[PDB]
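One structure is given here, and the rest of the page talks about it.
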Amino acid sequence: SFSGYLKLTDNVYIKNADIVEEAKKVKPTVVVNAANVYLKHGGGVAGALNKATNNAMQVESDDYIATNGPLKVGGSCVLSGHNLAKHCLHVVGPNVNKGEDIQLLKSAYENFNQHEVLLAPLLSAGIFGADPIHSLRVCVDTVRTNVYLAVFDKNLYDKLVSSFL
């Protein structure tokens with residue numbers, strides 16, 4: 001099970017970890033991907049998770065998009081976790097660098113409530129352009145299920161823990 005996490009609340013845990021390495025070690029039921037509406041896993045967490053699957057995530061995702069069309073910002077879909085997890089919950093947080101409504105971050109985190117336990121990154125953080133401190137706040141105030149947050153950057157992890165109210 002999950003090890004080395006700092007407990008933030010009754011249901012939110014955090015660790016300075018590479019989510020790919022964490023997923024490969026734990027093989028959780030659900031790993032969350034920081035997806036975009038097209039499931040084009042080019043960079044950030046999505047690029048890293050997809051590369052770890054040897055592009056199998058992208059091949060599955062392209063078939064999903066060909067059948068269903070794009071996701072909504074704030075939406076999600078469940079696909080295979082490949083070699084990383086039983087399932088991957090692809091969640092689309094708003095991309096601030098594309099002018100998307102930051103208010104959709106709460107809707108994005110609501111997708112986590114459909115799963116009892118998840119390994120996840122901070123939505124809309126990193127290359128999605130939102131303030132990770134704000135993302136953690138929305139996470140703790142929205143997610144009620146057990147979420148294990150992996151924060152890649154040590155310096156950001158320390159800032160998140162030390163500023164956590």
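Numbering starts fresh at 1 for the residues of each chain in the structure tokens, the chains themselves are lettered A, B, ... in the order given, and ligands are numbered from 1 as they appear.
Proximity to residue A:148 at 9 Å, evaluated using only C-alpha atoms and with sequence-adjacent residues fewer than 3 positions away removed, yields residues 2, 5, 11, 12, 13, 14, 15, 117, 118, 119, 120 and 121 of chain A.
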Output the selection as an mmCIF file, in the first residue's frame - N, CA, C and O atoms for each residue.
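Generated file (selection.cif):
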data_model
loop_
_atom_site.group_PDB
_atom_site.id
_atom_site.type_symbol
_atom_site.label_atom_id
_atom_site.label_comp_id
_atom_site.auth_asym_id
_atom_site.auth_seq_id
_atom_site.Cartn_x
_atom_site.Cartn_y
_atom_site.Cartn_z
ATOM 1 N N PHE A 2 0.280 2.492 0.113
ATOM 2 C CA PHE A 2 0.993 3.769 0.043
ATOM 3 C C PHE A 2 1.900 3.991 1.254
ATOM 4 O O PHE A 2 1.461 3.830 2.398
ATOM 5 N N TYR A 5 3.779 8.904 2.999
ATOM 6 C CA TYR A 5 2.954 10.080 2.798
ATOM 7 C C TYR A 5 2.763 10.873 4.076
ATOM 8 O O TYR A 5 2.627 10.301 5.167
ATOM 9 N N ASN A 11 -8.648 12.514 4.697
ATOM 10 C CA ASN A 11 -8.623 11.721 3.453
ATOM 11 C C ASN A 11 -7.590 12.130 2.428
ATOM 12 O O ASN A 11 -7.528 11.503 1.374
ATOM 13 N N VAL A 12 -6.808 13.180 2.694
ATOM 14 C CA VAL A 12 -5.801 13.642 1.725
ATOM 15 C C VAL A 12 -4.417 13.456 2.284
ATOM 16 O O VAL A 12 -4.117 13.895 3.395
ATOM 17 N N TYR A 13 -3.565 12.790 1.512
ATOM 18 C CA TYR A 13 -2.170 12.478 1.818
ATOM 19 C C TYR A 13 -1.280 13.052 0.718
ATOM 20 O O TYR A 13 -1.726 13.195 -0.420
ATOM 21 N N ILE A 14 -0.028 13.380 1.036
ATOM 22 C CA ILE A 14 0.883 13.992 0.069
ATOM 23 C C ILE A 14 2.298 13.470 0.236
ATOM 24 O O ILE A 14 2.739 13.171 1.345
ATOM 25 N N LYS A 15 3.005 13.329 -0.878
ATOM 26 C CA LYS A 15 4.374 12.821 -0.888
ATOM 27 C C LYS A 15 5.146 13.480 -2.015
ATOM 28 O O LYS A 15 4.574 13.800 -3.069
ATOM 29 N N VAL A 117 -10.125 5.116 -3.575
ATOM 30 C CA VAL A 117 -8.753 5.494 -3.327
ATOM 31 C C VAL A 117 -8.050 5.757 -4.653
ATOM 32 O O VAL A 117 -8.249 5.041 -5.638
ATOM 33 N N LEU A 118 -7.267 6.832 -4.700
ATOM 34 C CA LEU A 118 -6.567 7.208 -5.934
ATOM 35 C C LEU A 118 -5.178 7.688 -5.620
ATOM 36 O O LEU A 118 -4.953 8.363 -4.605
ATOM 37 N N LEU A 119 -4.265 7.448 -6.560
ATOM 38 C CA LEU A 119 -2.933 8.050 -6.604
ATOM 39 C C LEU A 119 -3.104 9.178 -7.632
ATOM 40 O O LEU A 119 -3.569 8.903 -8.755
ATOM 41 N N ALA A 120 -2.738 10.414 -7.309
ATOM 42 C CA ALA A 120 -3.009 11.534 -8.197
ATOM 43 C C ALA A 120 -2.002 12.629 -8.151
ATOM 44 O O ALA A 120 -1.354 12.846 -7.135
ATOM 45 N N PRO A 121 -1.913 13.392 -9.232
ATOM 46 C CA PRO A 121 -1.161 14.635 -9.187
ATOM 47 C C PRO A 121 -2.114 15.782 -8.791
ATOM 48 O O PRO A 121 -3.348 15.606 -8.771
#
Residues of stretch 19-64 of chain A within 6 Å of stretch 82-103 of chain A: nearest atom pair and distance (Å, one decimal) for each, counting only C-alpha atoms, sorted by chain and number, as JSON lines?
{"residue": "A:23", "atom": "CA", "partner": "A:84", "partner_atom": "CA", "distance": 5.1}
{"residue": "A:24", "atom": "CA", "partner": "A:84", "partner_atom": "CA", "distance": 5.1}
{"residue": "A:27", "atom": "CA", "partner": "A:85", "partner_atom": "CA", "distance": 4.5}
{"residue": "A:28", "atom": "CA", "partner": "A:85", "partner_atom": "CA", "distance": 5.0}
{"residue": "A:29", "atom": "CA", "partner": "A:86", "partner_atom": "CA", "distance": 4.7}
{"residue": "A:30", "atom": "CA", "partner": "A:87", "partner_atom": "CA", "distance": 4.8}
{"residue": "A:31", "atom": "CA", "partner": "A:88", "partner_atom": "CA", "distance": 4.9}
{"residue": "A:32", "atom": "CA", "partner": "A:89", "partner_atom": "CA", "distance": 4.7}
{"residue": "A:33", "atom": "CA", "partner": "A:90", "partner_atom": "CA", "distance": 4.7}
{"residue": "A:34", "atom": "CA", "partner": "A:91", "partner_atom": "CA", "distance": 5.7}
{"residue": "A:35", "atom": "CA", "partner": "A:92", "partner_atom": "CA", "distance": 5.0}
{"residue": "A:36", "atom": "CA", "partner": "A:92", "partner_atom": "CA", "distance": 5.2}
Filtering to N, CA and C atoms, could you give me those residues as a PDB file, in the first residue's frame?
ATOM      1  N   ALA A  23       3.364   4.930  -9.083  1.00  0.00           N
ATOM      2  CA  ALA A  23       2.424   3.999  -9.685  1.00  0.00           C
ATOM      3  C   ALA A  23       3.094   2.638  -9.950  1.00  0.00           C
ATOM      4  N   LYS A  24       4.320   2.615 -10.511  1.00  0.00           N
ATOM      5  CA  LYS A  24       5.031   1.362 -10.787  1.00  0.00           C
ATOM      6  C   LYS A  24       5.277   0.533  -9.502  1.00  0.00           C
ATOM      7  N   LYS A  27       1.199   0.023  -7.806  1.00  0.00           N
ATOM      8  CA  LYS A  27       0.220  -0.542  -8.756  1.00  0.00           C
ATOM      9  C   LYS A  27      -1.204  -0.315  -8.193  1.00  0.00           C
ATOM     10  N   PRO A  28      -1.540   0.974  -7.941  1.00  0.00           N
ATOM     11  CA  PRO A  28      -2.815   1.278  -7.293  1.00  0.00           C
ATOM     12  C   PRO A  28      -3.988   0.878  -8.156  1.00  0.00           C
ATOM     13  N   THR A  29      -5.193   0.862  -7.569  1.00  0.00           N
ATOM     14  CA  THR A  29      -6.391   0.574  -8.356  1.00  0.00           C
ATOM     15  C   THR A  29      -6.588   1.682  -9.396  1.00  0.00           C
ATOM     16  N   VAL A  30      -6.332   2.944  -8.991  1.00  0.00           N
ATOM     17  CA  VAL A  30      -6.523   4.093  -9.850  1.00  0.00           C
ATOM     18  C   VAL A  30      -5.365   5.045  -9.772  1.00  0.00           C
ATOM     19  N   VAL A  31      -4.802   5.360 -10.924  1.00  0.00           N
ATOM     20  CA  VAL A  31      -3.865   6.443 -11.053  1.00  0.00           C
ATOM     21  C   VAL A  31      -4.570   7.528 -11.858  1.00  0.00           C
ATOM     22  N   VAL A  32      -4.512   8.769 -11.407  1.00  0.00           N
ATOM     23  CA  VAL A  32      -5.080   9.879 -12.113  1.00  0.00           C
ATOM     24  C   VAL A  32      -4.077  10.455 -13.077  1.00  0.00           C
ATOM     25  N   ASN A  33      -4.529  10.705 -14.298  1.00  0.00           N
ATOM     26  CA  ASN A  33      -3.731  11.425 -15.258  1.00  0.00           C
ATOM     27  C   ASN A  33      -4.219  12.847 -15.376  1.00  0.00           C
ATOM     28  N   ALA A  34      -3.272  13.779 -15.489  1.00  0.00           N
ATOM     29  CA  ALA A  34      -3.546  15.167 -15.772  1.00  0.00           C
ATOM     30  C   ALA A  34      -3.737  15.308 -17.297  1.00  0.00           C
ATOM     31  N   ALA A  35      -4.935  14.950 -17.744  1.00  0.00           N
ATOM     32  CA  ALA A  35      -5.262  14.854 -19.149  1.00  0.00           C
ATOM     33  C   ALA A  35      -5.729  16.170 -19.718  1.00  0.00           C
ATOM     34  N   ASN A  36      -5.708  16.257 -21.051  1.00  0.00           N
ATOM     35  CA  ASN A  36      -6.374  17.316 -21.761  1.00  0.00           C
ATOM     36  C   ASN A  36      -7.600  16.687 -22.487  1.00  0.00           C
TER      37      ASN A  36
END
Checklist line | Sel. of helix (DSSP H, G or I) residues, stretch 114-143 of chain A, as a PyMOL selection string | finding: chain A and resi 114+126-128+132-142
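The environment of residue A:137 within 10 Å, counting only C-alpha atoms and disregarding residues fewer than 3 places along the same chain, consists of residues 106, 122, 132, 133, 134, 140, 141, 142, 160, 164 and 165 of chain A.
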Next item on the list: Could you give me, as a count of residues only, the residues within 8 Å of residue A:61, counting only C-alpha atoms and dropping anything in the same chain fewer than 4 positions from it?
Entry: 5
Next item on the list: Rank nothing, just name the residue among A:76, A:9, A:162, A:146 nearest to residue A:108, using only C-alpha atoms.
Entry: A:76
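Considering the residues A:41, A:71, A:4, A:107 and counting only C-alpha atoms, residue A:58 has its shortest atom-to-atom contact with A:41.
If only C-alpha atoms are the atoms counted, then among A:20, A:73, A:136, A:105 the closest residue to residue A:52 is A:20.
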Next item on the list: Pick out the closest residue to residue A:114 from this set: A:55, A:145, A:3, A:135. Count only C-alpha atoms.
Entry: A:145
Check: How many Å separate atom CA of residue A:26 from atom CA of residue A:81?
Finding: 12.2 Å
Next item on the list: Name the residues of stretch 44-92 of chain A that come out as strand (DSSP E or B) in a backbone DSSP run; write them as JSON, numbers by chain.
Entry: {"A": [76, 77, 78, 79, 80, 87, 88, 89, 90, 91]}
